[PDB]
Amino acid sequence: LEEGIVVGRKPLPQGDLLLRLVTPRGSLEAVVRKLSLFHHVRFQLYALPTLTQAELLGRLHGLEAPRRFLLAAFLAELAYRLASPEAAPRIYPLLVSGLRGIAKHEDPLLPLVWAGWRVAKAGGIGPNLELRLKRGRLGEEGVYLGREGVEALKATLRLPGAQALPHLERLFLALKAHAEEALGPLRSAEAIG
Amino acid sequence: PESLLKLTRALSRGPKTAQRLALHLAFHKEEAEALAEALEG
Amino acid sequence: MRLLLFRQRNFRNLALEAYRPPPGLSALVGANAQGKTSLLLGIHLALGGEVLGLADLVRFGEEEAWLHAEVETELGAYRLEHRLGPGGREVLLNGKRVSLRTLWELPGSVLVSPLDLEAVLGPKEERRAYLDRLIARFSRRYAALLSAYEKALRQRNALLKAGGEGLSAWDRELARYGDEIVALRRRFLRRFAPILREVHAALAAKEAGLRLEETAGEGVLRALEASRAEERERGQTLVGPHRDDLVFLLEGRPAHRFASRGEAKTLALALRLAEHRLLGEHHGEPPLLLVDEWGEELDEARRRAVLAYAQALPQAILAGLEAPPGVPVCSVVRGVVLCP
Amino acid sequence: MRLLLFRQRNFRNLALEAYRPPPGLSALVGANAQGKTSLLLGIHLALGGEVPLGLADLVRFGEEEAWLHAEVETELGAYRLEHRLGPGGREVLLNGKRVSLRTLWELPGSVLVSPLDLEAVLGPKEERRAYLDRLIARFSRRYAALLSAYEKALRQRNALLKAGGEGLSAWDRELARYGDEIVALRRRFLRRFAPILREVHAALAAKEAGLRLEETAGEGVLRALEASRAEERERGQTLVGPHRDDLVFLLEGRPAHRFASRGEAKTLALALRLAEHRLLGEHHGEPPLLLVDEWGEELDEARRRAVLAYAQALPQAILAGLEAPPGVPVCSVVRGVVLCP
Amino acid sequence: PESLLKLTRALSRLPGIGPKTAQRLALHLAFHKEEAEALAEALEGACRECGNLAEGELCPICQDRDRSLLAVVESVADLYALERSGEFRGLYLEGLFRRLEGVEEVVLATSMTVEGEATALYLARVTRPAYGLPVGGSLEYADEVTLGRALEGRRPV
Amino acid sequence: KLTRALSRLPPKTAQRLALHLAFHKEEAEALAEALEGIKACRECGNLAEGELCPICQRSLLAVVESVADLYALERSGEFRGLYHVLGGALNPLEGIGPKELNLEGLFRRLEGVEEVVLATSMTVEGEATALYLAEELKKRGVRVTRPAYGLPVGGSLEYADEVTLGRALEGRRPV
Amino acid sequence: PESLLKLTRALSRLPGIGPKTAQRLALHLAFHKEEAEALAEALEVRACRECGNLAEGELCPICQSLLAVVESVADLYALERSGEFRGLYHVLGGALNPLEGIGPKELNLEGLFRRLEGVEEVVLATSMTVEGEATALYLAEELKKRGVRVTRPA
DNA sequence: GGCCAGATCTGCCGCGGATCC
DNA sequence: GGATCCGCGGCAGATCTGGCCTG
Ligand SMILES: Nc1ncnc2c1ncn2[C@@H]1O[C@H](COP(=O)(O)OP(=O)(O)NP(=O)(O)O)[C@@H](O)[C@H]1O
Ligand SMILES: Nc1ncnc2c1ncn2[C@@H]1O[C@H](COP(=O)(O)OP(=O)(O)NP(=O)(O)O)[C@@H](O)[C@H]1O
Ligand SMILES: [Mg+2]
Ligand SMILES: [Mg+2]
Ligand SMILES: [Zn+2]
Ligand SMILES: [Zn+2]
Ligand SMILES: [Zn+2]
């Protein structure tokens, strides 16, 4: 038995479904014979492992918004690409907190970026902040983050989230550039325009 | 419910019949007592 | 027509000397295994009826059986005798030896037995055979037509089964016989039904009828032509008078699937009585009627109706465990018959 | 074994709510066309038996579904049986779940007596052989398997013989592998069965009763097959085997299909049924339920008195007829309703 | 061996197990007293106002709930399922007419079984859940009647 | 090549049939002939002899995800409108978006007064597509309707998911 | 269309199929057009030179000192898959039943008689039907006439 | 859905009993 | 007294209803 989130749904031509899940112990891939997206679920795997039982633990009803759904898919994909087994116990609570924030907060982008920066920091891809950040390094090239943006980024990377929220109340572009430099292109990047 | 799961698990020593019987015994105190008596017997 | 006297010697377990039934309704009373059925069977045989193996009718440890009957019809009395044994039957009419076909002309008698229920609750073959023999009892052309049709069908099937050949004359013969057989059957059944309906209405409260199903109602030739492919495939003739079906109906429903014991018994008795009435109206004088075990599986009303109907016949003999009320009665004890 | 309650809905012409027979001897009284036979047939079908009537003709005129329900308790414990008769087919729900019909074969069940037994006693050779086969088949399934295998082997060998030539000894050995087993099983069953029938019939009449089974192949199938090659070649069919045995019932040492009256034949049929009931009750430990239809129709006073005496010592039985036996509880049937005063 | 008779009868009485299944279970439990004792030691481990079964006269629904909403349930399994659901703050047939007092909207939580259909027809504010298509899966794994009802039950949005 | 083709069909039966086909050349040739013989309507999207189906040779329109769904709907018998067949659903994970669908082909057939049934999948992705198409239609001045959410016929309550039950409740109707 | 009709006829004709299954697979292949030509190309190994069995190459894996006789290739693969033993493998034409006219000549008994050399044991793995038992008896009689100790599975 | 078990139905062959020359 | 024929019991082969297992 394991507990995790649903971050990947690949339909199988034979009527089955390919499932992609991450737990506090590491990411995994599973299949089912013949559980909705972005749901915290507790499941029992049998071995690609074949799922046998699944228990629902909560629904995020507010994710049906188009932009909110796109941002949640972006966050989940970035989490999965950063879902190392060692970092999984750190990312999983961060994943849940970010999903709750983007579900509840009026502006999903704020908690989205708040969780994404911390996931990037904890996933071994922490940018070097020592006005434009390029490949995770500040300088005269890249997206102009500005003094306020740099200060908010430093506060988020150093202070806990509670007082990091007021500072951030453009960094998304820098985080996307850093993630692309570290890991390569993103499949979901086409959606946003 | 804890006693329900304990009963379904003892009965499992399929799950749908185990559940139907656990529910029936919960809803029939007399029969369940008689069964505990016969098991002690 | 009156049966004045009847004698026998060494026939089953009978050990009597003479029996003189009175005119009108009569009765017989006995327990189990006493000889009512044997007496009725002997009376039926003595008048030239049909039956048990011919070698099984002789008493145990004997070889010769003798039956003698004296009947005084309207025109004049005459005698009959029968000899049974290893050689065979020796029927002589009033002293002169003669064949049974001569006795076929005489009225004879009608016997009602528990064996008539199978003509109602039995399979298709039994019903068809019963109808065939019932029609044959009235006419002589029917037997010859049936024999010729059977032989022609056998020849045609034998030729068709073993490979192929020219099938032109066999079809013509089969059609020529079937077209007459079907017409005769229709003509007889057009008249038989109303008498049966009236008799059953007298006996009971429901309604009875007959239904005949014909595979070739317009012509044997066309029916044969319209099935050649499957006839050649299967290898048997699939049309003709030898595949018709007869069904007895109680309130518009088949009798062999819904009727009970009492209804079936009443229907069989009605059929026998209708046959008796038709024979009486045909030959010239009604034959003697013999009813065996008349009132077991019937209630009070049906028994009373049966007795009331039988009260009006010129002569009849009833046998059973219980004596009917208000009629002369004779008892049977260990094969002997004694009368008051 | 004991029956407690029977309920129905849209079965034949029946129309009632419930029926609770008492423990012991019972009775039914009714005129013609009332429903005694229908009630007995319904009980027999509900308790897991086999009804000779077609399935599609057991419902009312107009309706399309029937319901049966019985509540029986045994030495072990109570349980409920339920049948859903309809266009699709029979289905059984033991205590609330679907159950295969073969499972009820292990239950006690019931036995039914009807004039069909009387017809079978006085029937041709094939009917008697079929009756013996069906009677033996209720005590083992190995017998049915052996019968099926023997039939298939016989068909194969006959087809081979009808046209052409091929290897023949193989099929001979194949058929002889089963013929001997069938013969031995029949012999053992008859040896165990005869004395019970004799002692049962000794309490209903005065004469003697017995059985006889003559065999075409007593020493062995192979020896009899090799001794009739010319006849097989001339005819083209197998002429030796268990499929040509003859069973005869004897009254005072004479065949019963040529020297017997109605009363004696009915007594023989009843004796056979009672012996089967006793043997089955000994086999399963708990005797089944006995249902008699038209108990005393074609019998005299002494035989009726003898019949009533025997049925009084049974655990539970139900008799039906047009008259009420003296000294027993009586229920009446009128147009489908059963009322007990 | 007379003691086991009562146990066999007790297990026979419950639905879903035949007499031979009960005998087999008893025989398997006769020589396996280890788990028989484990089961025995593990065994230990309705209010008029509601109709809900609970320890004590008042159920937890009676024991933060409103009397405005009352839902009629066919079986207590559905009651447990809806308790695991938790979408009504309100309290939880032939007797419906004389329970109409004090009720301003009637909630119908009964299943769509034919018995429920007949009960609803006999009983004919009152509300009933709609007929529509479920969530997830595949449109090719459905039934024709549901397709038709969803096409004719199509709502405007 | 044979084992994989046989396994693509929706084990032991596949193998026995492949072996039989190997031992029965004529059947295999007949099957290849039927396949060549078999080798979407421009407007409806169903099957057709040549270009247009017999139906084509309309106030109602039903949006559908795939041709199989279209055919299922037609088998239902409760729809005599026209159809527009998309190429699939939106999927960022598969790089599927406005630049991949047939939106422009859709807009060539749509008019002001019309109703478009929203028969998308019952998933997060199908719901997102449904809402997106509905918004695009309300912008472009056309009615938006959505099939009823609720319980399926023959469905038990015990085994229904909490979302289905919650939608049934929220979408309860008077009677 | 008529092409769909003939495709459904072809699917129904082949064994182990349902008419409803045939129709649903016809509609599924109408939905998937690439799988059509994929199956067509995958549609297009011969009899072994020595044994005569279907061989992935030049000899069947049986050839490449225990001998067994089997009705058909299906039971051959079923027996080899479990892999209790390895030895020479032989396959017959079928069973031996005279109802539909299959005698010893219609079978491949003649081929079996060419390679008895070097054989010390033969086991008759045959089905449990009566035809299988008759075939086993005939084979045992023939080999005993030639002379080889034989065994059969329990 | 698909294959088998078991009862019912139809036609052919050998045997017994009536008739003829 | 021999011989052809007519009718019926007995048996094998083909059809058909209702229950079952595999999936
Ligand atoms: N060939 C025979 N030789 C000597 N006795 C015989 C012969 N055939 C039958 N019996 C005896 O006659 C009895 C049958 O007599 P039967 O005439 O049938 O009686 P029944 O009065 O009609 N009896 P039931 O019909 O049972 O009420 C047999 O049981 C034997 O005892
Ligand atoms: N399927 C049916 N639906 C309705 N009525 C029927 C059906 N089958 C038979 N019947 C009637 O039920 C009656 C027969 O019931 P049955 O149970 O045989 O009577 P019984 O009491 O045994 N009579 P009996 O044996 O003749 O003294 C007749 O009136 C039939 O017409
Ligand atoms: Mg008599
Ligand atoms: Mg009756
Ligand atoms: Zn309460
Ligand atoms: Zn079109
Ligand atoms: Zn080889």
# chains A, B, ... in the order shown; residues from 1 in each chain; ligands from 1
>>> select_by_dssp(residues="range 29-101 of chain F", states="strand (DSSP E or B)", output="list in words")
residues 60, 61, 62, 63, 64, 82, 83, 84, 85, 91 and 96 of chain F
>>> residues_near_ligand(ligand="ligand 1", cutoff="6 Å", atoms="only C-alpha atoms (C1' of nucleotides) and all ligand atoms", output="PyMOL selection string")
(chain C and resi 12-13+31-38+56-60) or (chain D and resi 259-263)
>>> residues_near_ligand(ligand="ligand 2", cutoff="8 Å", atoms="only C-alpha atoms (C1' of nucleotides) and all ligand atoms", output="MDAnalysis selection string")
(chainID C and resid 257:263 297:299) or (chainID D and resid 11:14 30:39 57:61 294 321:322)
>>> write_last_selection(atoms="N, CA and C atoms", output="JSON list (two decimals), in the first residue's frame")
[["chain", "number", "residue", "atom", "x", "y", "z"],
["C", 257, "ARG", "N", -51.36, -31.81, -22.79],
["C", 257, "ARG", "CA", -50.49, -30.96, -21.99],
["C", 257, "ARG", "C", -51.19, -30.27, -20.83],
["C", 258, "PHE", "N", -52.52, -30.17, -20.84],
["C", 258, "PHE", "CA", -53.24, -29.42, -19.82],
["C", 258, "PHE", "C", -54.32, -30.21, -19.10],
["C", 259, "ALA", "N", -54.92, -31.21, -19.74],
["C", 259, "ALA", "CA", -56.04, -31.91, -19.15],
["C", 259, "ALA", "C", -55.60, -32.76, -17.96],
["C", 260, "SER", "N", -56.54, -33.03, -17.07],
["C", 260, "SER", "CA", -56.32, -33.86, -15.89],
["C", 260, "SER", "C", -56.78, -35.29, -16.18],
["C", 261, "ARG", "N", -56.80, -36.12, -15.13],
["C", 261, "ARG", "CA", -57.17, -37.52, -15.31],
["C", 261, "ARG", "C", -58.66, -37.67, -15.62],
["C", 262, "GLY", "N", -59.51, -36.98, -14.85],
["C", 262, "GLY", "CA", -60.94, -37.11, -15.05],
["C", 262, "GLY", "C", -61.39, -36.60, -16.41],
["C", 263, "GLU", "N", -60.84, -35.47, -16.84],
["C", 263, "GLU", "CA", -61.20, -34.92, -18.14],
["C", 263, "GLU", "C", -60.76, -35.85, -19.27],
["C", 297, "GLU", "N", -62.00, -42.93, -11.22],
["C", 297, "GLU", "CA", -61.39, -41.61, -11.09],
["C", 297, "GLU", "C", -62.36, -40.48, -11.40],
["C", 298, "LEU", "N", -63.65, -40.67, -11.14],
["C", 298, "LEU", "CA", -64.65, -39.64, -11.37],
["C", 298, "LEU", "C", -65.34, -39.27, -10.07],
["C", 299, "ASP", "N", -65.84, -38.04, -10.00],
["C", 299, "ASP", "CA", -66.55, -37.57, -8.82],
["C", 299, "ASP", "C", -68.01, -38.00, -8.90],
["D", 11, "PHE", "N", -48.40, -20.03, -10.53],
["D", 11, "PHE", "CA", -47.97, -21.38, -10.85],
["D", 11, "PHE", "C", -49.19, -22.22, -11.21],
["D", 12, "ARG", "N", -49.24, -22.68, -12.46],
["D", 12, "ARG", "CA", -50.37, -23.47, -13.00],
["D", 12, "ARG", "C", -51.65, -22.68, -12.73],
["D", 13, "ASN", "N", -52.69, -23.29, -12.17],
["D", 13, "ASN", "CA", -53.92, -22.59, -11.82],
["D", 13, "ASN", "C", -54.01, -22.30, -10.33],
["D", 14, "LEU", "N", -52.93, -22.50, -9.59],
["D", 14, "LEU", "CA", -52.96, -22.30, -8.15],
["D", 14, "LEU", "C", -53.19, -20.83, -7.80],
["D", 30, "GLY", "N", -60.40, -33.23, -2.70],
["D", 30, "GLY", "CA", -60.91, -32.32, -3.71],
["D", 30, "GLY", "C", -61.54, -33.08, -4.85],
["D", 31, "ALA", "N", -62.42, -32.38, -5.56],
["D", 31, "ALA", "CA", -63.11, -32.95, -6.71],
["D", 31, "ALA", "C", -62.20, -32.89, -7.94],
["D", 32, "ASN", "N", -62.77, -33.13, -9.11],
["D", 32, "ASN", "CA", -61.99, -33.08, -10.34],
["D", 32, "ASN", "C", -61.61, -31.65, -10.69],
["D", 33, "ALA", "N", -60.40, -31.48, -11.21],
["D", 33, "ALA", "CA", -59.90, -30.19, -11.69],
["D", 33, "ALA", "C", -59.95, -29.12, -10.59],
["D", 34, "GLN", "N", -59.17, -29.36, -9.54],
["D", 34, "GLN", "CA", -59.07, -28.42, -8.43],
["D", 34, "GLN", "C", -57.64, -27.98, -8.13],
["D", 35, "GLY", "N", -56.67, -28.89, -8.22],
["D", 35, "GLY", "CA", -55.29, -28.48, -8.06],
["D", 35, "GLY", "C", -54.43, -29.30, -7.11],
["D", 36, "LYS", "N", -54.91, -30.48, -6.71],
["D", 36, "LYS", "CA", -54.09, -31.35, -5.85],
["D", 36, "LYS", "C", -52.81, -31.76, -6.56],
["D", 37, "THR", "N", -52.93, -32.22, -7.81],
["D", 37, "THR", "CA", -51.75, -32.59, -8.58],
["D", 37, "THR", "C", -50.84, -31.39, -8.80],
["D", 38, "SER", "N", -51.43, -30.22, -9.05],
["D", 38, "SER", "CA", -50.63, -29.01, -9.23],
["D", 38, "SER", "C", -49.86, -28.67, -7.96],
["D", 39, "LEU", "N", -50.50, -28.78, -6.80],
["D", 39, "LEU", "CA", -49.83, -28.48, -5.54],
["D", 39, "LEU", "C", -48.68, -29.45, -5.28],
["D", 57, "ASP", "N", -44.87, -24.55, -19.97],
["D", 57, "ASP", "CA", -46.28, -24.81, -19.71],
["D", 57, "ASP", "C", -46.60, -24.89, -18.22],
["D", 58, "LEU", "N", -45.76, -24.30, -17.38],
["D", 58, "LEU", "CA", -45.97, -24.30, -15.93],
["D", 58, "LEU", "C", -46.42, -22.95, -15.40],
["D", 59, "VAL", "N", -46.80, -22.02, -16.27],
["D", 59, "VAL", "CA", -47.23, -20.69, -15.87],
["D", 59, "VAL", "C", -48.67, -20.49, -16.32],
["D", 60, "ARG", "N", -49.28, -19.42, -15.81],
["D", 60, "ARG", "CA", -50.67, -19.12, -16.13],
["D", 60, "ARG", "C", -50.81, -18.75, -17.61],
["D", 61, "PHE", "N", -52.06, -18.57, -18.03],
["D", 61, "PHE", "CA", -52.37, -18.15, -19.40],
["D", 61, "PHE", "C", -52.39, -16.63, -19.44],
["D", 294, "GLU", "N", -53.17, -39.99, -5.59],
["D", 294, "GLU", "CA", -54.18, -41.01, -5.83],
["D", 294, "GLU", "C", -53.83, -42.31, -5.09],
["D", 321, "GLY", "N", -56.31, -37.45, -2.72],
["D", 321, "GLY", "CA", -57.31, -38.29, -3.34],
["D", 321, "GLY", "C", -58.67, -37.63, -3.29],
["D", 322, "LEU", "N", -59.68, -38.40, -3.69],
["D", 322, "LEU", "CA", -61.06, -37.93, -3.70],
["D", 322, "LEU", "C", -61.81, -38.27, -2.42]]
>>> closest_residue(among="F:105, F:174, F:141, F:95", to="chain A", atoms="only C-alpha atoms")
F:95
>>> interface_residues(of="chain A", to="chain F", cutoff="6 Å", atoms="only C-alpha atoms", output="list in words")
residues 66, 187, 188 and 191 of chain A
>>> write_last_selection(atoms="N, CA and C atoms", output="short mmCIF file (atom, residue, chain, number, x, y, z; two decimals), in the first residue's frame")
data_model
loop_
_atom_site.label_atom_id
_atom_site.label_comp_id
_atom_site.auth_asym_id
_atom_site.auth_seq_id
_atom_site.Cartn_x
_atom_site.Cartn_y
_atom_site.Cartn_z
N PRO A 66 -9.78 26.76 -16.86
CA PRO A 66 -8.79 26.44 -17.90
C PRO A 66 -7.37 26.83 -17.52
N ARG A 187 7.01 19.26 -22.22
CA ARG A 187 5.92 18.90 -23.12
C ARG A 187 4.75 19.86 -22.99
N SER A 188 4.42 20.27 -21.77
CA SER A 188 3.25 21.10 -21.52
C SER A 188 3.49 22.57 -21.84
N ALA A 191 1.04 24.89 -24.16
CA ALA A 191 -0.32 25.31 -23.85
C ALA A 191 -0.39 26.81 -23.59
#
>>> closest_atom_pairs(of="chain H", to="chain D", cutoff="10 Å", atoms="only C-alpha atoms (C1' of nucleotides)", output="tab-separated table")
residue	atom	partner	partner_atom	distance
H:5	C1'	D:148	CA	8.8
H:6	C1'	D:148	CA	9.9
H:13	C1'	D:235	CA	9.8
>>> write_last_selection(atoms="N, CA, C and O atoms (P, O5', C5', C4', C3', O3' and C1' of nucleotides)", output="PDB file, in the first residue's frame")
ATOM      1  P    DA H   5     -20.976 -34.940 -22.848  1.00  0.00           P
ATOM      2  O5'  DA H   5     -22.334 -35.209 -22.049  1.00  0.00           O
ATOM      3  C5'  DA H   5     -22.547 -34.593 -20.787  1.00  0.00           C
ATOM      4  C4'  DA H   5     -24.030 -34.519 -20.466  1.00  0.00           C
ATOM      5  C3'  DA H   5     -24.776 -35.848 -20.552  1.00  0.00           C
ATOM      6  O3'  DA H   5     -25.712 -35.947 -19.492  1.00  0.00           O
ATOM      7  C1'  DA H   5     -25.752 -34.290 -22.042  1.00  0.00           C
ATOM      8  P    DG H   6     -26.269 -37.385 -19.045  1.00  0.00           P
ATOM      9  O5'  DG H   6     -27.732 -37.446 -19.690  1.00  0.00           O
ATOM     10  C5'  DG H   6     -28.730 -36.539 -19.254  1.00  0.00           C
ATOM     11  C4'  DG H   6     -29.914 -36.532 -20.204  1.00  0.00           C
ATOM     12  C3'  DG H   6     -30.470 -37.913 -20.568  1.00  0.00           C
ATOM     13  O3'  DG H   6     -31.886 -37.879 -20.525  1.00  0.00           O
ATOM     14  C1'  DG H   6     -30.037 -36.693 -22.513  1.00  0.00           C
ATOM     15  P    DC H  13     -34.187 -52.366 -44.581  1.00  0.00           P
ATOM     16  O5'  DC H  13     -34.280 -53.517 -43.475  1.00  0.00           O
ATOM     17  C5'  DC H  13     -33.254 -53.642 -42.502  1.00  0.00           C
ATOM     18  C4'  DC H  13     -33.636 -54.650 -41.433  1.00  0.00           C
ATOM     19  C3'  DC H  13     -34.093 -56.015 -41.959  1.00  0.00           C
ATOM     20  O3'  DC H  13     -33.424 -57.051 -41.253  1.00  0.00           O
ATOM     21  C1'  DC H  13     -35.670 -55.158 -40.430  1.00  0.00           C
TER      22       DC H  13
END
>>> residues_near_ligand(ligand="ligand 7", cutoff="6 Å", atoms="only C-alpha atoms (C1' of nucleotides) and all ligand atoms", output="number ranges by chain")
G: 48, 50-51, 59-60, 62-63
>>> write_last_selection(atoms="N, CA and C atoms", output="PDB file, in the first residue's frame")
ATOM      1  N   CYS G  48       9.473 -29.024 -41.421  1.00  0.00           N
ATOM      2  CA  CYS G  48      10.830 -29.469 -41.136  1.00  0.00           C
ATOM      3  C   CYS G  48      11.287 -30.493 -42.167  1.00  0.00           C
ATOM      4  N   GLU G  50      13.349 -33.025 -41.655  1.00  0.00           N
ATOM      5  CA  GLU G  50      13.348 -34.365 -41.075  1.00  0.00           C
ATOM      6  C   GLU G  50      12.008 -34.711 -40.428  1.00  0.00           C
ATOM      7  N   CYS G  51      11.599 -33.941 -39.418  1.00  0.00           N
ATOM      8  CA  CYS G  51      10.375 -34.259 -38.692  1.00  0.00           C
ATOM      9  C   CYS G  51       9.121 -33.899 -39.479  1.00  0.00           C
ATOM     10  N   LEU G  59      15.382 -26.603 -39.339  1.00  0.00           N
ATOM     11  CA  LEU G  59      14.916 -27.710 -38.518  1.00  0.00           C
ATOM     12  C   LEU G  59      14.083 -27.185 -37.357  1.00  0.00           C
ATOM     13  N   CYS G  60      13.064 -27.956 -36.986  1.00  0.00           N
ATOM     14  CA  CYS G  60      12.315 -27.661 -35.776  1.00  0.00           C
ATOM     15  C   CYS G  60      13.195 -27.874 -34.545  1.00  0.00           C
ATOM     16  N   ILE G  62      12.852 -29.576 -32.058  1.00  0.00           N
ATOM     17  CA  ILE G  62      12.882 -30.964 -31.599  1.00  0.00           C
ATOM     18  C   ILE G  62      14.145 -31.658 -32.092  1.00  0.00           C
ATOM     19  N   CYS G  63      14.424 -31.546 -33.394  1.00  0.00           N
ATOM     20  CA  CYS G  63      15.618 -32.170 -33.954  1.00  0.00           C
ATOM     21  C   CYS G  63      16.888 -31.505 -33.438  1.00  0.00           C
TER      22      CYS G  63
END
>>> residues_around(residues="residue 3 in chain H", least_positions_apart="6", cutoff="12 Å", atoms="only C-alpha atoms (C1' of nucleotides)", output="number ranges by chain")
I: 19-22
>>> residues_around(residues="residue 82 in chain F", least_positions_apart="3", cutoff="9 Å", atoms="only C-alpha atoms (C1' of nucleotides)", output="ChimeraX atom specification")
/F:43-44,58-63,79
>>> closest_atom_pairs(of="chain F", to="ligand 6", cutoff="7 Å", atoms="only C-alpha atoms and all ligand atoms", output="Markdown table")
| residue | atom | partner | partner_atom_place_in_ligand_line | distance |
| --- | --- | --- | --- | --- |
| F:41 | CA | ligand 6 | 1 (Zn) | 4.8 |
| F:42 | CA | ligand 6 | 1 (Zn) | 6.6 |
| F:43 | CA | ligand 6 | 1 (Zn) | 5.4 |
| F:44 | CA | ligand 6 | 1 (Zn) | 4.3 |
| F:45 | CA | ligand 6 | 1 (Zn) | 6.3 |
| F:46 | CA | ligand 6 | 1 (Zn) | 6.4 |
| F:48 | CA | ligand 6 | 1 (Zn) | 7.0 |
| F:52 | CA | ligand 6 | 1 (Zn) | 5.1 |
| F:53 | CA | ligand 6 | 1 (Zn) | 4.1 |
| F:54 | CA | ligand 6 | 1 (Zn) | 6.8 |
| F:55 | CA | ligand 6 | 1 (Zn) | 5.7 |
| F:56 | CA | ligand 6 | 1 (Zn) | 4.4 |
>>> select_by_dssp(residues="chain G", states="alpha helix (DSSP H)", output="VMD selection string")
chain G and resid 2 to 13 19 to 31 34 to 43 73 to 82 109 to 112 130 to 146
>>> atom_distance(atom1="CA of residue 6 in chain C", atom2="CA of residue 77 in chain C")
13.6 Å
>>> residues_near_ligand(ligand="ligand 5", cutoff="12 Å", atoms="only C-alpha atoms (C1' of nucleotides) and all ligand atoms", output="list in words")
residues 46, 47, 48, 49, 50, 51, 52, 53, 54, 55, 56, 57, 58, 59, 60, 61, 62, 63, 65, 66, 67, 70, 90, 91 and 92 of chain E
